[PDB]
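Engineer: Mind having a look at this structure? Questions to follow.
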Amino acid sequence: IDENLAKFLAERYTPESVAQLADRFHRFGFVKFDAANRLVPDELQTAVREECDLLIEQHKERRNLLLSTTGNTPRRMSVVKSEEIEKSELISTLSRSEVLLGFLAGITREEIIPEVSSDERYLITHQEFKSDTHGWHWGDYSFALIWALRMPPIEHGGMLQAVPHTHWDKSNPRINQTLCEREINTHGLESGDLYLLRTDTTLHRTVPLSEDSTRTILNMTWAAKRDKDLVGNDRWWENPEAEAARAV
Amino acid sequence: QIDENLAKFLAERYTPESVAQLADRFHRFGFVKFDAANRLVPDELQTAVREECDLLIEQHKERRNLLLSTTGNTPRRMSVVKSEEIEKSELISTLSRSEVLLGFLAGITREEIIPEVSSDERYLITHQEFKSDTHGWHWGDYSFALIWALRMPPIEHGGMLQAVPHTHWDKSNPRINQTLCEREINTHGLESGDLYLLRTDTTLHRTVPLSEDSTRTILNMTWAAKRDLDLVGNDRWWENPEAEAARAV
Amino acid sequence: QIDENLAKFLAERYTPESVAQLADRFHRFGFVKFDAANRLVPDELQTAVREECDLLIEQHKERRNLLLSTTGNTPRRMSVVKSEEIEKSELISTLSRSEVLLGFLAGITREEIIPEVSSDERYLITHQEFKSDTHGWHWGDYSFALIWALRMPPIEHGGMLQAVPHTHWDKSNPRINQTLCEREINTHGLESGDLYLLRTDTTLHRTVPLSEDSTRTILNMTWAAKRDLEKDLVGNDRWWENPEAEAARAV
Amino acid sequence: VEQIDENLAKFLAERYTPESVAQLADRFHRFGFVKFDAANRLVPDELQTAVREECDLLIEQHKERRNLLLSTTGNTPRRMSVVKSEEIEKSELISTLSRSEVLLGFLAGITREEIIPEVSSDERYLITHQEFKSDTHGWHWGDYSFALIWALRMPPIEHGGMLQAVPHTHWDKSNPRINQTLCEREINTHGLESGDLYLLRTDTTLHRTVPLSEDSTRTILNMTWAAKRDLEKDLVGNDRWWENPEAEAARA
Ligand SMILES: N[C@@H](CCCC[NH3+])C(=O)O
Ligand SMILES: N[C@@H](CCCC[NH3+])C(=O)O
Ligand SMILES: N[C@@H](CCCC[NH3+])C(=O)O
Ligand SMILES: N[C@@H](CCCC[NH3+])C(=O)O
Ligand SMILES: [Cl-]
Ligand SMILES: [Cl-]
């Protein structure tokens, strides 16, 4: 388990090459683990993708709303709640793995602490229809490891768009204005990829799907020392009737 | 008339040195904005143009709702007024060929602006009204467009110009989303009364979709460079909604 | 009485919202400038600081003309005043530990600013006077520097700050010129009286060499972040305190 | 010789297509710069060897040391040796290749406009040859639009000698604003290896070579061409320091 990942990473990374990833993580708020920079063995990834497949078919929940705390940006997708995913022993132990968190802490350059609100530890988003999107937003917590389990071709949409070095003002998000002042980075993803995101200071969204395509991710959210008290009444993934949500 | 008036308006607000700085920005971004800090036409001239356009819209508005295969099937959801209709405006047509207007902007393009383009693309009015209306990602067939931001929604409703300079249009392989993955997007917010010069052939651009029923109106004056003086694609959707490259939605 | 007046000076100019915007710029560029549009200290306070430094310069300036091996043999061609001389100044030393100043700037760093650094690096004055004087490409050992641009030449004479944020310092392989080949350089012009906050550990930086015999004078207040505590100093490259440090080479 | 164009046309046809040249044209407009390295050779290795050997003989015979400041570019230094255009034109190979219809035709696909080999006779060709610590080609623009630069010999990147570039700028000789432009714009640094070639948009790209940090050799050949916008142009500035060390704009 841990011993297999410790050996797997030891053959694919050096302190020097991980320091280069830390540069790119702080510069873009984003670092991708693809065929050239794998993070988990293919067996470990298949097991997690299989467990997520059983969880989607069993507990998927449609969402279609505008979130007021992010300028009424849309959330049009299906979700599997954190409390359901936590029952997967595989996903639960892996998210708290001392080998995994220790390795990525060399990229964040600060302690990764698996202590977040129990409704936000894990989240699966499953998009299926044209115009499905995870609109522009920030996270309440500092870190997220995103598993790009199933990604459509880039021509169908689903790319991550990001503006790093921003912050979330839930009473004045200024999202389109911040786009007008800042260059947007678009990150294309392939199935099997993973990426680490600095969610609290990186404004981000997924580009809306142009046709009916399948886009599935797993979100493992972690805290830094900086993450306190939650606010906004905007927990739309856990509560579709949240005060900040406006149904569509 | 307007030429002698425009020449004096520009001479009080620009030097060759400051035009050269605009030429820097126009080559760097494919875009230079004529806002309240850098006016291009007197307020009376724009009011005349906008009034002519609002009549052309009220009379000749033609709704467009399609996908364009030559630009990766990006949408065109708007109303248009065709060039032949707009060319009936003596004002818009005369202004678009003004040797004072073109001579000034040629200090920004650093090359001759030639008012010799196809008779169906000399002028275009687009007019977005409903949620999700957009002028999707595309290039122009010609080098230059002077865009009149006659009416702009508030930025929180969308309608911003997004642009990626230093690209080109391959109609058999546009690679729009792949180009976005490789390049940074510049977003240009626009207020009513703004104009901007756009390098349309090498700047991939779109307008951000309307997040709510809002009004977004522009006039497009398209010009050629010496490099533009044979068309292809079968994709002239604004003049012909039944173009071979237009798909239905 | 410094902290009481400084807190008023800052409360007139800054809000949590405006500081958050500065924190965004500080994270993005490794650098936020406190110029005429964003003053940090009252003019009478900076004047007092600058006169302390000119006295220290007149009494304790030492010429440095060397290359540093831990930063790719980049030059240090300047005069300096050592930290232990500057710490004798009651004004500078107490200001550098001001809970009001450090508390304010911590809203830009978004983390605690800790005035616990090596006694040979709490303060540094660099004083360049001659053509080709430069503070060559380098990083700092600590996270933070507040730089007082006490005297700046005209921009056409050089002396600008050049910076590449989001980098790191490997003293055995600093890769200075290779990093410049892979990254864009931000040049920051400074005027006399400016101050700026610098993320010194992850921002590769230098001062553009003087093209004329002009005078360029700064005060460097260096502080630690939590990450810097307990960590060990390596490199044998403390050239400002020891001109014949092991990593220093003749120029 | 004589059969150089027939072979060069084949060499390019093996490596380049209109689609792939169109990608290079996008980079050239964006950066003012496109590099021909091992992944994208421009000329056969035998042909570059002949050009380098020609340049080595021209250097040993006709080099001239320069150490000055140029006022039309803000007193930035020129600290190097040079070989002037009239001496380089005596090489039948270099002079023929610089007007090659195959070479110019190919590069015109990257410039997206005609490349015209009609420039001032003192500026058709230039070899710069740096040898000593602090040697540099200081920040400047060119009077003409295009230059193909042959990086015949380049030191290790740790020793300096990289190209730095700020594209989408302009040269005002009475007020060049070198350091002000650097404050407003990001600097692109382009490292080079011996054997590389690159195309540069010299009239709108502010550029220099990073000063050598120690005694190393850095040797380039500069083939300068015009665009239509440079034709019948009045040369101004009195700053042609490579031809005339006593040029009015030059300062010792
Ligand atoms: N706050 C985010 C949701 C976080 C999902 C769980 N980490 C948003 O506005 O969409
Ligand atoms: N080529 C443009 C149309 C421009 C018409 C006016 N210049 C498009 O596909 O949207
Ligand atoms: N590390 C710096 C010296 C900083 C001393 C004051 N913080 C250098 O090598 O130049
Ligand atoms: N204008 C350049 C010289 C270019 C000569 C060769 N094309 C300079 O000032 O250094
Ligand atoms: Cl258009
Ligand atoms: Cl040159």
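Engineer: For residue B:31, list long-range residues whose amide hydrogen, built 1.01 Å from N in the peptide plane, is under 5 Å from its own amide hydrogen.
Structural biologist: Answer set, sorted by chain and number: B:199.
Engineer: Which whole-Hz couplings ³J(HN,Hα) result when phi for each residue of the range A:4-10 is put into the Karplus expression 6.51 cos²θ - 1.76 cosθ + 1.60, θ = phi - 60°, listed in order with x for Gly and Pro?
Structural biologist: 6, 6, 4, 5, 4, 6, 5
Engineer: What spacing in nm lies between the two simple spin-label points modelled at residue D:235 and residue B:240, each 7 Å away from Cα in the Cβ direction?
Structural biologist: 5.4
Engineer: For the pair residue A:17 and residue D:20, what calculated FRET efficiency results from E = 1/(1 + (r/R0)^6), where r is the Cβ-Cβ distance and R0 = 35 Å, to the nearest 0.05? Each step should come with its number before you reach the end.
Structural biologist: Working: r = 31 Å, r/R0 = 0.88.
Efficiency for this residue pair is about 0.70.
Engineer: Still on this structure, please answer the following. Under a crude label model (7 Å from the Cα following the beta-carbon direction), how far is residue A:7 from residue B:172 in nanometres?
Structural biologist: 5.2
Engineer: Continuing with the same structure: If you average 1/r over every pair of different alpha-carbon atoms in the protein assembly as shown and take one over that average, what Kirkwood value in Å do you get? Could you put the intermediate results ahead of the total?
Structural biologist: On the way: mean 1/r = 0.0319 Å⁻¹.
Answer for the protein assembly as shown: a Kirkwood hydrodynamic radius of 31.3 Å.
Engineer: With r as the distance between the Cβ atoms of residue A:115 and residue A:191 and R0 = 35 Å, compute the FRET efficiency 1/(1 + (r/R0)^6) and round to 0.05. It would help to have the intermediate numbers written out before the result.
Structural biologist: Numbers: r = 31 Å, r/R0 = 0.88.
Efficiency computed from Cβ-Cβ geometry: 0.70.
Engineer: What is the percent of Cα-Cα separations in the range C:2-250 that go past 26 Å?
Structural biologist: Details: 10704 of 30876 pairs.
Above the 26 Å cut-off, the range C:2-250 has 35 percent of its Cα pairs.
Engineer: Using the alpha-carbon centroid of each, what span in Å lies between the range D:90-161 and the range C:178-251?
Structural biologist: Taking the Cα centre of each part, the range D:90-161 and the range C:178-251 sit 36 Å apart.
Engineer: Using a Cα-Cα cut-off of under 17 Å, which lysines could be cross-linked to residue D:84, ignoring same-chain neighbours fewer than 8 residues away?
Structural biologist: Hits, sequence-local ones excluded: D:63.
Engineer: Put +1 on the Cβ of every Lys and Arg and -1 on every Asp and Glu Cβ in the protein assembly as shown; which of B:32, C:195, C:115 then has its Cα farthest towards the positive end of the dipole?
Structural biologist: Value: C:115.
Engineer: Under the rule a/c < 1.5 gives rounded, and otherwise a/b versus b/c splits prolate from oblate, where does the range D:60-180 land using the Cα gyration tensor?
Structural biologist: On the way: a/c = 1.60, a/b = 1.21, b/c = 1.33.
In terms of gyration-tensor shape, oblate.
Engineer: Also, quick follow-up: With only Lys, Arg, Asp and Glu charged, each at its Cβ (+1 for the first two, -1 for the last two), find how big the charge dipole of chain D is about the Cα centre; round to the nearest 20 debye.
Structural biologist: Working: 30 positive and 43 negative charges, 180 e Å.
Charge dipole of chain D: 860 debye, to the nearest 20.
Engineer: Please find the FRET efficiency linking residue C:212 to residue C:63, where r is the Cβ-Cβ separation and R0 is fixed at 25 Å, and quote it to the nearest 0.05. Could you put the intermediate results ahead of the total?
Structural biologist: Numbers: r = 18 Å, r/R0 = 0.74.
Between residue C:212 and residue C:63 the formula returns 0.85.
Engineer: Further, regarding this structure: Mind checking the dipole of the protein assembly as shown: about its Cα centre, +1 per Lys or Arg Cβ, -1 per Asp or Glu Cβ, Debye to the nearest 20? Intermediate values should be presented prior to the final figure.
Structural biologist: Details: 119 positive and 167 negative charges, 78 e Å.
Taking the Cα centre of the protein assembly as shown as origin, the dipole is about 380 debye.
Engineer: Shifting gears a bit: Taking a label point 7 Å from the Cα of residue D:132 along the Cα→Cβ vector, which residues of the range D:57-96 have an amide N closer than 16 Å to it?
Structural biologist: Inside the label zone: D:63-69, D:77-82.
Engineer: Given N residues in the range C:99-167, what is Rg(Cα) / (2.2 N^0.38 Å)?
Structural biologist: Values: Rg = 14.6 Å, N = 69, 2.2 N^0.38 = 11.0 Å.
That works out to 1.32 for the range C:99-167.
Engineer: Additional query: From the phi of every residue in the range A:96-112, what ³J(HN,Hα) in whole Hz does the Karplus formula 6.51 cos²θ - 1.76 cosθ + 1.60 yield, where θ is phi - 60° and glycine or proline is x?
Structural biologist: 9, 5, 5, 6, 5, 5, x, 5, 5, 5, x, 8, 6, 6, 7, 4, 9
Engineer: Also: Trypsin sites (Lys or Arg not before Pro) within the range D:8-85: which are DSSP loop residues with at most 11 other Cβ atoms inside 10 Å? All intermediate terms of the calculation are to be shown ahead of the outcome.
Structural biologist: On the way: sites: D:10, D:15, D:27, D:30, D:35, D:41, D:52, D:63, D:65, D:66, D:78, D:79, D:84; in loops: D:41, D:63, D:84.
For trypsin sites (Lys or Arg not before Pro) across the range D:8-85 that sit outside H, G, I, E and B with at most 11 neighbouring Cβ atoms in 10 Å, the list is empty.
Engineer: For chain A, what is the mean residue ellipticity at 222 nm derived from helices alone (per DSSP H run of n ≥ 4: -39500 (n - 2.57); sum divided by total residues; nearest 500 deg cm²/dmol)? Before the final figure, lay out each step's value.
Structural biologist: Numbers: 7 runs with 70 residues, N = 248.
Per the formula, -8500 deg cm²/dmol.
Engineer: Considering amide H positions built from the backbone, and no H for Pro or chain starts, which residues 5 or more places from residue D:147, or on another chain, come under 5 Å of its amide H?
Structural biologist: Residues meeting the amide H criterion: D:200, D:202, D:225.
Engineer: Is the shape of the range C:1-117 best called rounded, prolate or oblate, per the rule: a/c under 1.5 gives rounded, else a/b larger than b/c gives prolate, else oblate, with a ≥ b ≥ c the square roots of the Cα gyration tensor eigenvalues?
Structural biologist: Working: a/c = 2.17, a/b = 1.36, b/c = 1.59.
It comes out oblate by the Cα gyration axes.
Engineer: Continuing with the same structure: What list of ³J(HN,Hα) couplings, whole Hz, do you get for the range A:156-166 from phi and the Karplus terms 6.51, -1.76, 1.60, once you set θ to phi - 60° and write x for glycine and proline?
Structural biologist: Calculated HN-Hα couplings, in order: 8, x, x, 5, 7, 10, 9, 10, x, 6, 10 Hz.
Engineer: Which Cα, out of A:99, A:129, A:4, lies furthest along the positive dipole direction of the range A:2-247 (beta carbon charges, K/R +1, D/E -1)?
Structural biologist: About the Cα centre, the residue reaching furthest to the positive side is A:129.
Engineer: Quick check: Cα centre of the range A:4-77 to Cα centre of the range C:58-79, how many Å?
Structural biologist: Centre-to-centre (Cα) distance: 46 Å.
Read-outs: derived from the displayed coordinates by stated rules, not from any lab. Cβ sites come from the backbone with ideal geometry, for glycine too, and all protein chains shown count toward neighbours.
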